[PDB]
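Notes for the one structure printed next.
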Amino acid sequence: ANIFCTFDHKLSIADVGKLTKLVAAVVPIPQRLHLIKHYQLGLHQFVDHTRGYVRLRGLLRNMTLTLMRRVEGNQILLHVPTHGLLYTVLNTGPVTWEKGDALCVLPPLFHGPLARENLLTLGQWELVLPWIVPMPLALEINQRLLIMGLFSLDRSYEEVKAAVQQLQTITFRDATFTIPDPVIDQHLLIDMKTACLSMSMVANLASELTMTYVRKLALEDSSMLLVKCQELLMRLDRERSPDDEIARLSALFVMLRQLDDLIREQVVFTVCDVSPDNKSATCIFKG
Amino acid sequence: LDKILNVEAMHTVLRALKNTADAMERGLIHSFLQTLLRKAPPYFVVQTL
Amino acid sequence: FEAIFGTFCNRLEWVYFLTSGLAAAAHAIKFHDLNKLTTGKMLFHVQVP
């Protein structure tokens, strides 16, 4: 199951000499074809002005992801991994790997970066690879982007600005990143906006549906879990037609189903022994 | 090395000489036309005369 | 009884490149390999009269 890829434009020798450094790394592609043109390859076809990063995560989750193997004259030996057998990768992520973790794949956050992919560009096209980061940093930075987007609607105050400046920093082993805002100039990106809207409205739908459904459920055989459930609801409250409830419950489920790029972070690799300089690591492809 | 370079230079001078000879014959055609057009009055003058 | 008289397989007509008249716009040249040919370039020695 080996894939090929050809470039239409003139490809120089410096571009191959900087591309063949990326001899074994992940390159996701939209459809598992046996021969695919290079415009579809990578992630350049997806970025634009209005849409942000959560869209990239959602389309990358359902997208298949393959491994780059060798280079030739003008054909590129992509190679789709199989479940169970073990391969080698490189580390395009900015964190030093260690033994036996679980790598995730998330879209890279340096859009318009200082590295700019070595000027490996063609005419109105550029190659870009997703980061390969272990799972605690992955769902950590997912939460960081999320509650960075939550504070974005009232940012005129100054202590919340210092809170956002705290959130923009990060910690790991010998690792400091500066992940920029989703907000630029007093407006939000639409996929980030609909993500935080979906989670805030499923939270509100829970907050005004549980007080109905503890009574609509508890007239069956009651449990201690149920009286403690109404205890939780009643402490929450004292801290302060079929046609509507059918829409409430339908909107509940379909709007919690829009967080599926956030609530489930699906593992894609299992790390084996690593290399000195920590750039290469044999690994087992899962899923 | 030497003989093949001198034959290559002979081919260069030969293509330049054939280019210049063609340009000279086209130039003779062109100068003959430009001295025939300054001798040719229009048709109405000759038809009236 | 239910008869079966004749069974017919279509003999599709083959078509090749050089039998087709489209090859008149083609100087059809076969190489051996293109696994290493990244930029297969032809130079020209055109002349301007």
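Following the order of the structure tokens, first chain is A, next is B, and so on, with residues numbered from 1 inside each chain and ligands from 1 in the order they appear.
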
Identify every residue of chain C that has at least one atom within 10 Å of any atom of chain B, counting only C-alpha atoms, and report the result as an mmCIF file with C-alpha atoms, in the first residue's frame.
```cif
data_model
loop_
_atom_site.group_PDB
_atom_site.id
_atom_site.type_symbol
_atom_site.label_atom_id
_atom_site.label_comp_id
_atom_site.auth_asym_id
_atom_site.auth_seq_id
_atom_site.Cartn_x
_atom_site.Cartn_y
_atom_site.Cartn_z
ATOM 1 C CA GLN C 47 18.028 31.446 -34.959
ATOM 2 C CA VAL C 48 16.278 34.761 -35.605
ATOM 3 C CA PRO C 49 16.398 35.924 -39.247
#
```

With 10 Å as the cut-off and only C-alpha atoms counted, what is the closest atom pair between each nearby residue of chain A and chain C? Distances in Å to one decimal, ordered by chain and number, as JSON lines.
```
{"residue": "A:7", "atom": "CA", "partner": "C:38", "partner_atom": "CA", "distance": 9.9}
{"residue": "A:10", "atom": "CA", "partner": "C:39", "partner_atom": "CA", "distance": 7.1}
{"residue": "A:11", "atom": "CA", "partner": "C:39", "partner_atom": "CA", "distance": 7.2}
{"residue": "A:12", "atom": "CA", "partner": "C:39", "partner_atom": "CA", "distance": 7.9}
{"residue": "A:13", "atom": "CA", "partner": "C:38", "partner_atom": "CA", "distance": 8.8}
{"residue": "A:16", "atom": "CA", "partner": "C:38", "partner_atom": "CA", "distance": 9.6}
{"residue": "A:71", "atom": "CA", "partner": "C:35", "partner_atom": "CA", "distance": 9.3}
{"residue": "A:72", "atom": "CA", "partner": "C:35", "partner_atom": "CA", "distance": 5.7}
{"residue": "A:73", "atom": "CA", "partner": "C:38", "partner_atom": "CA", "distance": 4.1}
{"residue": "A:74", "atom": "CA", "partner": "C:38", "partner_atom": "CA", "distance": 5.3}
{"residue": "A:75", "atom": "CA", "partner": "C:35", "partner_atom": "CA", "distance": 7.5}
```

Atoms kept (N, CA, C and O atoms) for selection, written as a PDB file, in the first residue's frame:
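Dumped to out01.pdb:
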```
ATOM      1  N   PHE A   7       5.028  16.786  -8.408  1.00  0.00           N
ATOM      2  CA  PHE A   7       4.952  18.241  -8.394  1.00  0.00           C
ATOM      3  C   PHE A   7       4.904  18.765  -9.820  1.00  0.00           C
ATOM      4  O   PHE A   7       5.750  18.403 -10.643  1.00  0.00           O
ATOM      5  N   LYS A  10       8.511  23.459 -11.592  1.00  0.00           N
ATOM      6  CA  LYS A  10       9.934  23.165 -11.614  1.00  0.00           C
ATOM      7  C   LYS A  10      10.444  23.038 -10.187  1.00  0.00           C
ATOM      8  O   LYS A  10      10.199  23.908  -9.346  1.00  0.00           O
ATOM      9  N   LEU A  11      11.112  21.928  -9.902  1.00  0.00           N
ATOM     10  CA  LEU A  11      11.626  21.634  -8.573  1.00  0.00           C
ATOM     11  C   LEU A  11      13.146  21.668  -8.627  1.00  0.00           C
ATOM     12  O   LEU A  11      13.762  20.882  -9.354  1.00  0.00           O
ATOM     13  N   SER A  12      13.745  22.560  -7.850  1.00  0.00           N
ATOM     14  CA  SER A  12      15.179  22.787  -7.911  1.00  0.00           C
ATOM     15  C   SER A  12      15.917  21.707  -7.122  1.00  0.00           C
ATOM     16  O   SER A  12      15.344  20.694  -6.713  1.00  0.00           O
ATOM     17  N   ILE A  13      17.213  21.917  -6.902  1.00  0.00           N
ATOM     18  CA  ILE A  13      18.039  20.955  -6.185  1.00  0.00           C
ATOM     19  C   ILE A  13      18.165  21.377  -4.728  1.00  0.00           C
ATOM     20  O   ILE A  13      18.340  20.536  -3.839  1.00  0.00           O
ATOM     21  N   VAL A  16      14.909  20.080  -3.048  1.00  0.00           N
ATOM     22  CA  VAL A  16      15.023  18.663  -2.722  1.00  0.00           C
ATOM     23  C   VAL A  16      16.000  18.462  -1.570  1.00  0.00           C
ATOM     24  O   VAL A  16      15.761  17.646  -0.670  1.00  0.00           O
ATOM     25  N   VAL A  71      12.494   9.775  -1.434  1.00  0.00           N
ATOM     26  CA  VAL A  71      12.365  10.765  -2.493  1.00  0.00           C
ATOM     27  C   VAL A  71      12.952  10.170  -3.768  1.00  0.00           C
ATOM     28  O   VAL A  71      13.797   9.269  -3.714  1.00  0.00           O
ATOM     29  N   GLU A  72      12.455  10.631  -4.911  1.00  0.00           N
ATOM     30  CA  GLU A  72      12.920  10.196  -6.221  1.00  0.00           C
ATOM     31  C   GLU A  72      13.000  11.418  -7.118  1.00  0.00           C
ATOM     32  O   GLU A  72      13.082  12.541  -6.613  1.00  0.00           O
ATOM     33  N   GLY A  73      13.031  11.202  -8.434  1.00  0.00           N
ATOM     34  CA  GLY A  73      13.102  12.278  -9.406  1.00  0.00           C
ATOM     35  C   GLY A  73      11.982  13.289  -9.294  1.00  0.00           C
ATOM     36  O   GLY A  73      12.223  14.444  -8.936  1.00  0.00           O
ATOM     37  N   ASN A  74      10.752  12.873  -9.576  1.00  0.00           N
ATOM     38  CA  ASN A  74       9.619  13.726  -9.259  1.00  0.00           C
ATOM     39  C   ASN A  74       8.440  12.910  -8.758  1.00  0.00           C
ATOM     40  O   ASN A  74       7.284  13.284  -8.974  1.00  0.00           O
ATOM     41  N   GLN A  75       8.713  11.795  -8.092  1.00  0.00           N
ATOM     42  CA  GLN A  75       7.689  11.005  -7.434  1.00  0.00           C
ATOM     43  C   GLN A  75       8.090  10.828  -5.982  1.00  0.00           C
ATOM     44  O   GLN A  75       9.265  10.615  -5.677  1.00  0.00           O
TER      45      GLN A  75
END
```

TODO: Assign secondary structure with DSSP using the backbone only, and return the residues of stretch 67-278 of chain A in helix (DSSP H, G or I) as number ranges by chain.
DONE: A: 116-119, 135-153, 159-168, 190-207, 210-217, 224-238, 242-256

For the selection just defined, write its residues with C-alpha atoms to a file, as a tab-separated table (two decimals), in the first residue's frame.
```tsv
chain	number	residue	atom	x	y	z
A	116	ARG	CA	8.54	29.63	7.43
A	117	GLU	CA	9.45	26.02	6.45
A	118	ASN	CA	12.94	26.87	5.10
A	119	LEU	CA	11.34	28.75	2.15
A	135	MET	CA	-0.87	13.61	24.88
A	136	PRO	CA	-0.66	15.63	28.19
A	137	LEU	CA	0.75	18.64	26.35
A	138	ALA	CA	-1.83	18.09	23.58
A	139	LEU	CA	-4.98	18.21	25.67
A	140	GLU	CA	-3.29	20.79	27.90
A	141	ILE	CA	-2.84	23.18	24.97
A	142	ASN	CA	-6.38	22.33	23.83
A	143	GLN	CA	-7.66	23.59	27.20
A	144	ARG	CA	-5.33	26.60	26.91
A	145	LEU	CA	-6.75	27.62	23.51
A	146	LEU	CA	-10.26	26.98	24.82
A	147	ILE	CA	-10.14	29.19	27.92
A	148	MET	CA	-8.12	31.70	25.95
A	149	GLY	CA	-11.14	31.91	23.68
A	150	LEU	CA	-13.61	32.09	26.56
A	151	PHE	CA	-12.08	35.28	28.03
A	152	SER	CA	-12.13	36.94	24.60
A	153	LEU	CA	-15.59	38.46	24.79
A	159	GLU	CA	-6.59	41.97	35.09
A	160	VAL	CA	-8.21	39.61	32.57
A	161	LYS	CA	-5.59	40.82	30.08
A	162	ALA	CA	-2.84	39.77	32.49
A	163	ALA	CA	-4.72	36.49	32.98
A	164	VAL	CA	-4.67	35.98	29.19
A	165	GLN	CA	-0.95	36.86	29.17
A	166	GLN	CA	-0.47	34.15	31.80
A	167	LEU	CA	-2.46	31.71	29.63
A	168	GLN	CA	-0.37	32.49	26.54
A	190	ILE	CA	-15.91	31.55	13.37
A	191	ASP	CA	-14.95	27.94	14.16
A	192	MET	CA	-13.42	28.93	17.52
A	193	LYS	CA	-16.55	30.98	18.20
A	194	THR	CA	-18.89	28.10	17.39
A	195	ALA	CA	-16.78	25.74	19.52
A	196	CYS	CA	-16.97	27.89	22.65
A	197	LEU	CA	-20.63	28.63	21.89
A	198	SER	CA	-21.39	24.91	21.62
A	199	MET	CA	-19.80	24.09	24.95
A	200	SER	CA	-21.31	27.07	26.77
A	201	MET	CA	-24.77	26.27	25.43
A	202	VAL	CA	-24.54	22.56	26.26
A	203	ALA	CA	-23.54	23.65	29.77
A	204	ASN	CA	-26.58	25.95	29.92
A	205	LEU	CA	-28.86	23.22	28.49
A	206	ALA	CA	-27.63	20.89	31.23
A	207	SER	CA	-28.18	23.60	33.85
A	210	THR	CA	-31.30	18.52	34.92
A	211	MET	CA	-33.87	20.24	37.16
A	212	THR	CA	-36.58	18.77	34.93
A	213	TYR	CA	-35.10	15.35	34.45
A	214	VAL	CA	-34.30	14.51	38.07
A	215	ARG	CA	-38.06	14.68	38.65
A	216	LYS	CA	-38.93	12.99	35.37
A	217	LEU	CA	-36.49	10.18	36.24
A	224	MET	CA	-28.90	7.40	47.04
A	225	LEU	CA	-27.15	8.63	43.90
A	226	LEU	CA	-30.41	10.30	42.87
A	227	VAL	CA	-31.00	12.13	46.16
A	228	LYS	CA	-27.36	13.23	46.09
A	229	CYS	CA	-27.95	14.34	42.49
A	230	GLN	CA	-30.84	16.55	43.58
A	231	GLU	CA	-28.67	17.66	46.53
A	232	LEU	CA	-26.05	18.86	44.03
A	233	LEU	CA	-28.72	20.58	41.91
A	234	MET	CA	-30.36	22.21	44.95
A	235	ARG	CA	-27.07	23.52	46.34
A	236	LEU	CA	-26.41	24.91	42.85
A	237	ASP	CA	-29.81	26.64	42.85
A	238	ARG	CA	-29.71	27.96	46.44
A	242	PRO	CA	-43.52	18.49	24.24
A	243	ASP	CA	-42.49	20.82	21.43
A	244	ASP	CA	-39.96	22.89	23.37
A	245	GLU	CA	-38.34	20.07	25.35
A	246	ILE	CA	-37.92	17.93	22.23
A	247	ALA	CA	-35.92	20.77	20.66
A	248	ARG	CA	-34.00	21.33	23.90
A	249	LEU	CA	-32.90	17.70	24.04
A	250	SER	CA	-32.13	17.47	20.32
A	251	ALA	CA	-30.04	20.66	20.49
A	252	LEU	CA	-28.37	19.30	23.64
A	253	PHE	CA	-27.13	16.19	21.87
A	254	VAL	CA	-26.23	17.73	18.51
A	255	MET	CA	-24.35	20.62	20.14
A	256	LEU	CA	-22.41	18.35	22.46
```

Within 12 Å of residue A:177 using only C-alpha atoms, minus same-chain residues under 2 positions, as a tab-separated table (two decimals) with N, CA and C atoms, in the first residue's frame:
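Ended up saving to selection_18.tsv:
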```tsv
chain	number	residue	atom	x	y	z
A	93	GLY	N	7.47	18.29	16.13
A	93	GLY	CA	7.00	18.95	17.32
A	93	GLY	C	8.15	19.55	18.11
A	94	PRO	N	7.86	20.57	18.91
A	94	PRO	CA	8.91	21.30	19.61
A	94	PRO	C	9.27	20.77	21.00
A	95	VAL	N	8.81	19.58	21.36
A	95	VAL	CA	9.04	19.01	22.69
A	95	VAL	C	9.93	17.78	22.55
A	109	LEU	N	0.57	25.60	15.22
A	109	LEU	CA	0.04	26.87	15.68
A	109	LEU	C	0.86	28.07	15.24
A	110	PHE	N	1.95	27.84	14.51
A	110	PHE	CA	2.78	28.94	14.02
A	110	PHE	C	2.41	29.25	12.57
A	137	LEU	N	0.57	17.32	26.94
A	137	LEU	CA	0.75	18.64	26.35
A	137	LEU	C	-0.33	18.93	25.32
A	141	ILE	N	-2.80	22.01	25.84
A	141	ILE	CA	-2.84	23.18	24.97
A	141	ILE	C	-4.21	23.32	24.31
A	144	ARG	N	-5.88	25.25	26.91
A	144	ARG	CA	-5.33	26.60	26.91
A	144	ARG	C	-5.96	27.46	25.81
A	166	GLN	N	-0.90	35.36	31.10
A	166	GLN	CA	-0.47	34.15	31.80
A	166	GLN	C	-0.82	32.90	31.00
A	167	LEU	N	-2.02	32.88	30.40
A	167	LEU	CA	-2.46	31.71	29.63
A	167	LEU	C	-1.65	31.50	28.36
A	168	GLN	N	-1.11	32.58	27.80
A	168	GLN	CA	-0.37	32.49	26.54
A	168	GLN	C	0.96	31.77	26.74
A	169	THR	N	1.53	31.86	27.93
A	169	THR	CA	2.71	31.10	28.27
A	169	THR	C	2.34	29.66	28.59
A	170	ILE	N	3.36	28.81	28.66
A	170	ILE	CA	3.17	27.38	28.89
A	170	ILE	C	4.44	26.83	29.53
A	171	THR	N	4.31	25.66	30.16
A	171	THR	CA	5.44	24.98	30.77
A	171	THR	C	5.46	23.51	30.37
A	172	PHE	N	6.67	22.99	30.21
A	172	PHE	CA	6.92	21.56	30.03
A	172	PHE	C	8.39	21.33	30.40
A	173	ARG	N	8.93	20.18	30.03
A	173	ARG	CA	10.35	19.94	30.23
A	173	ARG	C	11.13	20.71	29.16
A	174	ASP	N	11.99	21.63	29.62
A	174	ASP	CA	12.80	22.59	28.84
A	174	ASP	C	12.07	23.16	27.62
A	175	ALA	N	10.83	23.59	27.84
A	175	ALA	CA	9.97	23.98	26.73
A	175	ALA	C	9.14	25.19	27.12
A	179	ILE	N	1.76	30.71	22.42
A	179	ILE	CA	0.69	30.38	21.49
A	179	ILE	C	-0.22	31.60	21.36
A	180	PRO	N	-0.33	32.20	20.18
A	180	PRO	CA	-1.03	33.48	20.05
A	180	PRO	C	-2.54	33.34	20.24
```

Open item on the list: Neighbouring residues of stretch 3-19 of chain C were defined as those with any atom within 12 Å, considering only C-alpha atoms; residues of the same chain fewer than 6 positions away were excluded. Please report them as a PyMOL selection string.
Closed with: chain C and resi 25-29

Open item on the list: One number please: atom CA of residue A:87 to atom CA of residue A:39, in Å, one decimal.
Closed with: 26.3 Å
